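Undergrad: Below you'll find the structure I mean.
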Amino acid sequence: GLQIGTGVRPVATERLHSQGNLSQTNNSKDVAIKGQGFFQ
Amino acid sequence: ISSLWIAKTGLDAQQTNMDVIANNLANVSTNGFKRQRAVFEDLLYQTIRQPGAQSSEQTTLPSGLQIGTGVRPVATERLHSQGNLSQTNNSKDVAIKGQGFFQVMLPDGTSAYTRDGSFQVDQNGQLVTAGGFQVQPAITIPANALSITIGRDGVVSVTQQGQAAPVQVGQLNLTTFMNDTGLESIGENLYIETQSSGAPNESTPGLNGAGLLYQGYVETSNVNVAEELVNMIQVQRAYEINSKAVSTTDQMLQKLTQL
Amino acid sequence: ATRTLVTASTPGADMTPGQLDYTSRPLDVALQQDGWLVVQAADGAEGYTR
């Protein structure tokens, strides 16, 4: 036969784990991580 | 009374058409969605008096009575056109150029076909769709991967720490049908084949008339609001006209039953 | 035989699925076209609902 829809819902939200630009702060304890990884 | 039973069918047809339009408008921003158009078809006619021929050169009108029955919605066909491409800059978004569907393994064993390319890596590394359903060809991604690339003919490779050369991790083929209009659609942007469409045939992209793949892009829905508004206006006017017909026949029936 | 009475009759029901709204509540469920959830009725025998 035929088909009738019912609507839309949001299913998920995904983050873009890309690499952002670096800004200098001249602070000796500021760390910028290049690539992959996280501080625990 | 036949008039009420005909205007009821008219109102129901207008209501179903309005529901179809509402569904088309509601998910306009979803990726890999194809618009729907509902086609109607009139019911059979009853001939009360046979139009007996005269051929007397009197130029008389034909004397034959034939009453209609009403209208029903017969089918809802979806237009499989190529929509626009929107860039998400995500390394795991694939947009199909041409025709074809990815294959997904449903929880109950069966396979469903989807055109929406939005893939994520699971905990085990397997490539899955947004929602947890996994892609049938079973492409897996090793950990500690610098960057994932997907070729124009569905070969997915990755780059490691060294070796100065990417290593292939799988092939991303896709299926095709002979008559893609006749696929029964279920939620999560899923389509399953029925007797209406032919048996699927799988192939690598770029062969057997199958589209190529673009990485970092997704295909937006091909919904045209400019005609959706016009169809909505026409539906509203036809609904009002049928309501007027109902009111008229009810009034005349009330006058009949006054005496 | 001319007289013929009329008596009202009600068949079971129409199982046409109803329109559903998205409430985002974690445990609000909607079934399939012909799915039914089973509950324990008052008498003890199971009953089906949507």
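Undergrad: So, in the range B:220-235, how many residues would count as being in contact (Cβ under 8 Å) with a residue 40 or more places away in the chain and either assigned to a helix (DSSP H, G or I) or crowded, with 16+ Cβ neighbours inside 10 Å (or both)?
TA: Summing the residues that are in contact (Cβ under 8 Å) with a residue 40 or more places away in the chain and either assigned to a helix (DSSP H, G or I) or crowded, with 16+ Cβ neighbours inside 10 Å (or both) in the range B:220-235 gives 9.
Undergrad: In the range B:163-183, which residues are more than 15 Å from the chain's Cα centre (by Cα) and assigned to a strand (DSSP E or B)?
TA: B:167, B:168, B:169, B:170, B:171, B:174, B:175, B:176
Undergrad: Okay, next question. Suppose we keep only residues that are away from every other protein chain (no Cβ under 14 Å) and among the aromatic types (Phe, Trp, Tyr) within the range B:101-150. Which one would you say is farthest from the chain's Cα centre (by Cα)?
TA: Across the range B:101-150, the extreme among qualifying residues is B:102.
Undergrad: Could you list, in sequence order, the residues of the range B:9-63 that are assigned to a strand (DSSP E or B), of a type in the set (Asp, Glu) and exposed (fewer than 11 other Cβ atoms within 10 Å of the Cβ)? Break it down into steps so the answer makes sense when it comes.
TA: Of all residues in the range B:9-63, those assigned to a strand (DSSP E or B) come to B:31, B:34, B:36-42, B:46-49.
Subset that is of a type in the set (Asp, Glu): B:41-42.
Answer for the range B:9-63, where residues must be assigned to a strand (DSSP E or B), of a type in the set (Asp, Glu) and exposed (fewer than 11 other Cβ atoms within 10 Å of the Cβ): just B:41.
Undergrad: Kindly establish whether residue B:74 is surrounded by 12 or more Cβ atoms within 10 Å (Cβ to Cβ), within 14 Å of chain A (Cβ to nearest Cβ) and of a type in the set (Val, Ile, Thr).
TA: Spelling it out, residue B:74 is indeed surrounded by 12 or more Cβ atoms within 10 Å (Cβ to Cβ), within 14 Å of chain A (Cβ to nearest Cβ) and of a type in the set (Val, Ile, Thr).
Undergrad: Please verify whether residue B:67 is within 18 Å of residue B:242 (Cα to Cα) and more than 14 Å from every other protein chain (Cβ to nearest Cβ), treating the condition exactly as stated.
TA: So residue B:67 fits the description; yes.
Undergrad: What pairs come up if the first residue lies in the range B:172-191 and is within 11 Å of chain A (Cβ to nearest Cβ), the second is of a type in the set (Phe, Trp, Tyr), and their beta carbons are under 6 Å apart, counting only those six or more places apart or on different chains?
TA: Hits for this filter: B:183/B:191; B:185/B:191; B:191/B:113.
Undergrad: Among the residues of the range B:207-214, is there at least one that is over 26 Å from residue B:102 (Cβ atoms), out of contact with any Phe, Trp or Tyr (no Cβ under 9 Å at 6 or more places or on another chain), of a type in the set (S, T, N, Q) and in a loop (DSSP other than H, G, I, E, B)?
TA: no
Note that each Cβ is placed from the backbone with ideal geometry, even for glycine, and that neighbours are counted across all protein chains shown. Computed from the coordinates by the stated procedures, all read-outs in this text should not be read as laboratory data.
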